[PDB]
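Ideal geometry is used to build each Cβ from the backbone, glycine not excepted, and the neighbour counts take in all protein chains shown. What is reported rests on the model, the rules as stated and the sources as named; these are not laboratory values.
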Ligand SMILES: [Zn+2]
Ligand SMILES: [Zn+2]
Ligand SMILES: [Zn+2]
Ligand SMILES: [Zn+2]
Ligand SMILES: [Zn+2]
Ligand SMILES: [Zn+2]
Ligand SMILES: [Zn+2]
Ligand SMILES: [Zn+2]
């Protein structure tokens with residue numbers, strides 16, 4: 001399945017995802033798409049794919065995409081988390097950590113494109129999580145880059161860490177929320193189990209966990225050292241040693257073998273397929289699995305991966321190529 | 001489990017292909033994580049003796065790298081008294097997932113054969129190796145025959 | 001028992017341990033919450049270094065006690 | 001659906017609430033659970049403040065979704 005989703009209720013794991021589109025304002029399934037799209041970059045952004053809304057008191061041209069869980073049946077307030085990076089391992093690429101072919105595979109947003117078996121991705125986040133070695137951005141958040149050695153290649157999705165789970169992601173939320181405060185400009189308070197973000201005067205060294213019912217609760221701590229409050233000073237600090245620039249060591253050979261498009265190039269015949277009804281070669285141009293079988297005689301809509309005639313299940317399950 | 005998938009492919013490769021300097025690879029059947037090996041120095045003054053190493057690959061592998069612990073006293077200013085060589089490639093702050101262990105041994109043995117006092121641990125040995133090249137040679141002659149293991153037969 | 005631990009640049013914490021428990025255990029616990037390698041943790045107490053094998057009972061530490069954690073920033 | 005109202009200081013509340021239930025309902029329920037009124041309690045969800053008329057529908061929140069609770073302070 002091209003679309004995978006995370007389903008709370010009662011799946012708790014990466015399911016198939018049934019892609020549907022609706023109107024922006026009225027929000028029904030009465031939409032006329034101009035084009036029926038190429039990639040997750042269409043579907044993830046609000047107000048990209050636009051067309052014509054059918055049911056007639058509704059002039060909102062732009063549409064809204066939503067993903068549902070493709071295993072057991074659902075109702076409308078179900079909206080599952082769309083996993084846009086992770087597709088099935090159709091081309092059969094190895095993991096860059098481990099010479100193993102497993103399905104499906106994560107694809108990081110990096111330039112040469114690096115992919116991975118699933119169980120490593122649990123290991124990669126948590127070893128970074130235990131050690132604290134993520135990359136925190138102001139706008140995006142507290143995420144990891146590409147694993148091989150790729151600059152400017154962060155995953156743009158907090159909800160992908162829900163594959164790690166309600167235990168780990170909540171811990172990720174605590175460590176992430178702490179990670180923002182140093183970059184914003186604060187310190188975590190040193191009382192055991194309090195963590196009060198408090199703002200005293202500049203001049204006053206003695207700051208106290210003060211509040212009442214919540215927050216403040218009996219601890220006067222020194223500003224520089226964070227001890228019980230005193231007049232003079234504490235002992236001296238340790239020498240610092242700057243790293244500053246760090247050439248991240250990448251493996252040449254394994255990075256070749258961990259490429260999503262090639263690595264070794266198994267899928268070669270994926271360009272022209274014999275259509276059943278007509279019996280003619282037709283070329284697949286770009287993203288769309290949905291291909292029109294482009295003959296004066298024929299005129300027929302058929303799916304590339306399936307082969308049979310284009311229906312809403314083939315629309316929903318795997319609309320576009322991954 | 002994961003490291004066992006990792007390392008049995010590597011252990012078959014490194015024993016079959018053979019690192020030549022690195023010899024006497026004592027690896028356990030059940031205990032895959034501990035690898036012991038006898039490195040053979042070729043440059044003076046370490047080729048007078050021979051040094052054993054025990055690389056302890058941890059539970060989380062290969063996300064965290066192992067610690068190459070020597071079970072040998074060696075007269076060399078990177079490595080300390082107990083058994084902790086200082087290696088740039090085995091680092092936490094700088095690490096790649098796709099690291100070959102023989103690549104670390106290529107890092108290690110070149111480090112053993114060519115002494116770095118630019119990034120050492122011990123102060124007087126790094127002081128001595130930078131300042132008095134003869135005396136560090138002379139002490140390493142006396143040290144390594146006394147402490148280090150014998151030269152092999154092949 | 002409740003103990004405070006101190007760092008180089010300000011941030012003091014606590015950690016739940018006993019007299020019996022091990023410093024390699026406690027560095028694992030501080031590695032759990034704080035986010036530092038046991039390789040890069042230098043615990044000092046009363047002008048003395050805390051060993052990974054050695055324990056809080058040997059060094060003799062009670063509740064309401066501070067551990068001076070010096071940081072390794074060149075881990076190499 | 002279970003929500004984790006994770007406050008700033010440590011402790012977090014578990015509450016059985018729908019998308020249909022509002023913040024004014026949850027301020028009643030958190031007042032039931034802990035014992036703090038609607039006027040003191042301030043709900044926020046990742047920056048944006050939660051208001052009394054708006055709901056878990058408008059702010060768009062699911063089961064296992066972490067809200068924050070900030071407390072107003074009366075009389076200095
Ligand atoms: Zn589901
Ligand atoms: Zn409409
Ligand atoms: Zn893998
Ligand atoms: Zn990459
Ligand atoms: Zn407090
Ligand atoms: Zn003090
Ligand atoms: Zn045809
Ligand atoms: Zn089909």
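Details
- Candidates A:290, A:230, A:279 - the one that is at positive phi and either more than 16 Å from ligand 5 (Cβ to nearest atom) or within 35 Å of the chain's Cα centre (by Cα) (or both): A:279
- Once segment A:294-303 is narrowed to residues that are within 16 Å of ligand 8 (Cβ to nearest atom) and in contact (Cβ under 8 Å) with a residue 12 or more places away in the chain, the residue that is farthest from residue A:89 (Cα to Cα) is A:300.
- Residue check for residue A:114: more than 24 Å from residue D:62 (Cβ to Cβ) and either within 16 Å of ligand 7 (Cβ to nearest atom) or within 14 Å of another protein chain (Cβ to nearest Cβ) (or both): yes
- Check on residue A:232, at the interface with another protein chain (Cβ under 8 Å from one of its Cβ atoms) and either surrounded by 14 or more Cβ atoms within 10 Å (Cβ to Cβ) or within 20 Å of residue C:66 (Cα to Cα) (or both): no
- One residue stands out in segment A:235-263 among those that are within 26 Å of the chain's Cα centre (by Cα) and away from chain B (no Cβ under 14 Å): the one that is nearest to residue C:4 (Cα to Cα), namely A:260.
- Residue that is surrounded by the most Cβ atoms within 10 Å (Cβ to Cβ), among those in segment B:88-132 that are part of a helix (DSSP H, G or I) and within 14 Å of chain A (Cβ to nearest Cβ): B:101
- Annotation: of all residues in segment D:3-38 being more than 24 Å from residue A:188 (Cβ to Cβ) and more than 12 Å from the chain's Cα centre (by Cα), the one that is nearest to the other protein chains (Cβ to nearest Cβ) is D:19.
- Sole residue being within 8 Å of another protein chain (Cβ to nearest Cβ), touching a strand residue (DSSP E or B) at 6+ places or on another chain (Cβ under 8 Å), farther than 30 Å from residue B:90 by Cβ and part of a loop (DSSP other than H, G, I, E, B), chosen from A:195, A:216, A:211: A:211
- Residue D:9 without any contact (Cβ under 8 Å) to a residue 40 or more places away in the chain and closer than 24 Å to residue A:192 by Cα: yes
- Within segment A:133-163, restricting attention to residues that are in a loop (DSSP other than H, G, I, E, B) and surrounded by fewer than 17 Cβ atoms within 10 Å (Cβ to Cβ), the residue that is nearest to the other protein chains (Cβ to nearest Cβ) is A:133.
- Matching entry among A:130, A:47 (being in a helix (DSSP H, G or I), without any contact (Cβ under 8 Å) to a residue 40 or more places away in the chain and away from ligand 7 (no atom under 16 Å from the Cβ)): A:130
- Just one of the listed residues (A:278, A:298, A:306) is touching a helix residue (DSSP H, G or I) at 6+ places or on another chain (Cβ under 8 Å), surrounded by 11 or more Cβ atoms within 10 Å (Cβ to Cβ), not in a strand (DSSP E or B) and not assigned by TED's automatic domain parsing to the domain that holds residue A:72, namely A:306.
- Residues satisfying the stated conditions in segment A:98-109, i.e. in contact with a strand residue (DSSP E or B) (Cβ under 7 Å, 6 or more places away or on another chain) and either crowded, with 19+ Cβ neighbours inside 10 Å or closer than 17 Å to residue A:3 by Cβ (or both): A:98, A:104, A:105, A:106, A:107, A:108
- When the residues of segment A:309-318 are filtered to those that are assigned to a loop (DSSP other than H, G, I, E, B) and touching a residue at least 12 places away in the same chain (Cβ under 8 Å), the one that is farthest from ligand 5 (Cβ to nearest atom) is A:310.
- Per-region count, segment C:39-53, residues over 10 Å from the mean Cα position of the chain (by Cα), away from chain A (no Cβ under 14 Å) and buried (at least 18 other Cβ atoms within 10 Å of the Cβ): 0
- Subset of segment C:54-76 that is at the interface with another protein chain (Cβ under 8 Å from one of its Cβ atoms) and not in a loop (DSSP other than H, G, I, E, B) - its residue that is farthest from residue A:240 (Cα to Cα): C:66
- Flag if residue A:322 is more than 14 Å from every other protein chain (Cβ to nearest Cβ), surrounded by 12 or more Cβ atoms within 10 Å (Cβ to Cβ) and either more than 16 Å from ligand 3 (Cβ to nearest atom) or not in a loop (DSSP other than H, G, I, E, B) (or both): yes
- Residue in segment A:95-102 that is away from ligand 4 (no atom under 13 Å from the Cβ), within 18 Å of residue B:97 (Cβ to Cβ) and away from every other protein chain (no Cβ under 12 Å) present: yes
- Among the residues making up segment A:269-293, those that are more than 16 Å from ligand 8 (Cβ to nearest atom) and either within 14 Å of another protein chain (Cβ to nearest Cβ) or more than 20 Å from residue A:33 (Cα to Cα) (or both) are A:269, A:270, A:271, A:272, A:274, A:278, A:279, A:280, A:281, A:282, A:283.
- Checking residue A:89 against (1) away from ligand 3 (no atom under 16 Å from the Cβ); (2) part of a loop (DSSP other than H, G, I, E, B); (3) away from every other protein chain (no Cβ under 12 Å), the condition it does not meet: (1)
- Residue within segment A:231-249 that is touching a residue at least 40 places away in the same chain (Cβ under 8 Å), within 16 Å of ligand 4 (Cβ to nearest atom) and part of a loop (DSSP other than H, G, I, E, B) present: yes
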